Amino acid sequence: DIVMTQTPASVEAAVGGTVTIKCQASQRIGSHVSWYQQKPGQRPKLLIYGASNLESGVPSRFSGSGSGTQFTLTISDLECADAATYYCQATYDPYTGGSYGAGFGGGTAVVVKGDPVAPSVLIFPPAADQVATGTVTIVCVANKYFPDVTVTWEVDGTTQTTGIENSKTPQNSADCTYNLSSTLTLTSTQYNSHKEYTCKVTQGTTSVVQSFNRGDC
């Protein structure tokens, strides 16, 4: 079994920069290495095979190098569309002598540093039919922003430590921005036992706060 050691596990580079990713095979496999690109929710996409052959239709800014033990993927002129995770794969096993695609490297998460954009924030009070079910879920959305943000929930001035679930969209392939949804789940009893609900999205030294009063919605 060929084992591939990928470095680094994650990298961040400015638009137009150069990303250098490398993999290490546990024993010499010549030029038998493929590189893949994968975005969230999508199937893997082949970029390089045979260590340095570009798959048809793949931009020329991707290039692979290496033969033997150490293999290198280079991404130059980095674009927002290149925000993804990249995997190497050994395509030869000297023990079995087969040239099939085998073990994958750990992967490298590439974050493309685009131009900074502060978020706009929206808070959505629970629909009327929610509270009858025994639980309520308050949604808070931070749209189109970069760099990352941190969310803080408050209920009548008390910071919330539990009931919080966050999901971030992948980097927009055009402008590198993120979108985030933060949900706060409480019981119907807890929800009716409080008035003020606050979502606070912090991007460094900036914060956008979005509140609502349960009685007014």
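One-based numbering along the sequence shown.
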item: Given 187 to 195 and 145 to 153, the range whose Cα B-factors average higher in the PDB entry; value: 187 to 195
item: Peak C-alpha temperature factor (PDB record), options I138, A128, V111, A90; value: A128
item: Options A102, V121, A132, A84 - largest CA temperature factor per the record; value: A132
item: Assigned third (lowest, middle, highest) for the C-alpha B factor of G57; value: highest
item: Assigned third (lowest, middle, highest) for the C-alpha B factor of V11; value: middle
item: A174 - Cα temperature factor, lowest/middle/highest third of chain; value: highest
item: Chain-relative CA temperature factor third for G68; value: highest
item: Within-chain third of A25 by Cα B-factor, per the entry; value: middle
